[PDB]
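Some notes on the structure that comes next.
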Amino acid sequence: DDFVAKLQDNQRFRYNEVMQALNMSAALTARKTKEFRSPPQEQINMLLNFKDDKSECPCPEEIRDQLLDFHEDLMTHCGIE
Amino acid sequence: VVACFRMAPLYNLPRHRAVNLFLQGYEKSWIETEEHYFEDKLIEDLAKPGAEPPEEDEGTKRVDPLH
């Protein structure tokens, strides 16, 4: 619940930034808005790429760390480590 | 073009729909990809005959759990 609330608010803020900044470059605006034009499943799968070190997802460090703490809490509960 | 621009950003979606989408995406991206190696240890523990001489079998040697 709260992870998705924060992610949705961040994507709102990023969309606002794009709507502010599209005027400098029209061509780069398509690359910025590919995320918002993608289907919602693709959007969430894109936002959930901060595992590993590829790190091309448009996710902030704090929202990233929230799940990068919950995941190891879950592994500890499951007995993985 | 209007549908692509202003329809289906997940910040406009209701909370529960986005939560379900996150559950599915989290599953596929993280839980499936999570890899831990245990097979060698599991098979060694299963193959170990557990305290057979201490245990009073007074007969043929009992088959190990792997067997």
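Naming scheme: A, B, ... for chains in displayed order of the structure tokens; residues 1 onward per chain; ligands 1 onward as shown.
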
Within 12 Å of range 16-26 of chain B using only C-alpha atoms, minus same-chain residues under 2 positions, as a VMD selection string
(chain A and resid 1 to 8 39 to 51 67 to 68 70 to 71) or (chain B and resid 8 to 14 28 to 34)

Option closest in space to residue 9 in chain A, from B:55, B:2, B:15, B:48 [counting only C-alpha atoms]
B:15

Just give me the gap between CA of residue 51 in chain B and CA of residue 80 in chain A in Å, one decimal is fine.
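For CA of residue 51 in chain B relative to CA of residue 80 in chain A, the distance reads 28.1 Å.
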
Nearest to residue 58 in chain A among A:10, A:29, A:38, A:20, with distances taken over only C-alpha atoms: which residue is it?
A:10

Residue 81 in chain A surroundings by only C-alpha atoms, 12 Å radius, close-in-sequence under 6 positions cut, as a compact mmCIF listing (two decimals) with C-alpha atoms, in the first residue's frame:
```
# COMPACT_ATOMS: atom_id res chain seq x y z
CA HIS A 71 12.92 -7.77 0.40
CA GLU A 72 15.68 -8.85 2.81
CA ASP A 73 13.23 -8.70 5.72
CA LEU A 74 11.09 -11.12 3.70
CA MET A 75 14.10 -13.34 2.96
CA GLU B 34 15.71 -14.93 -6.21
CA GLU B 35 18.15 -17.83 -6.40
CA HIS B 36 19.64 -19.80 -3.51
CA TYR B 37 21.67 -23.01 -3.78
```

Pick from A:62, A:17, A:53, A:35, whichever lies nearest to chain B using only C-alpha atoms:
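Counting only C-alpha atoms, the residue closest to chain B is A:35.
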
Atomic distance CA of residue 47 in chain B - CA of residue 78 in chain A, expressed in Å with one decimal:
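Separating CA of residue 47 in chain B from CA of residue 78 in chain A is a distance of 24.9 Å.
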
To one decimal in Å, tell me the separation between CA of residue 64 in chain A and CA of residue 7 in chain B.
25.6 Å
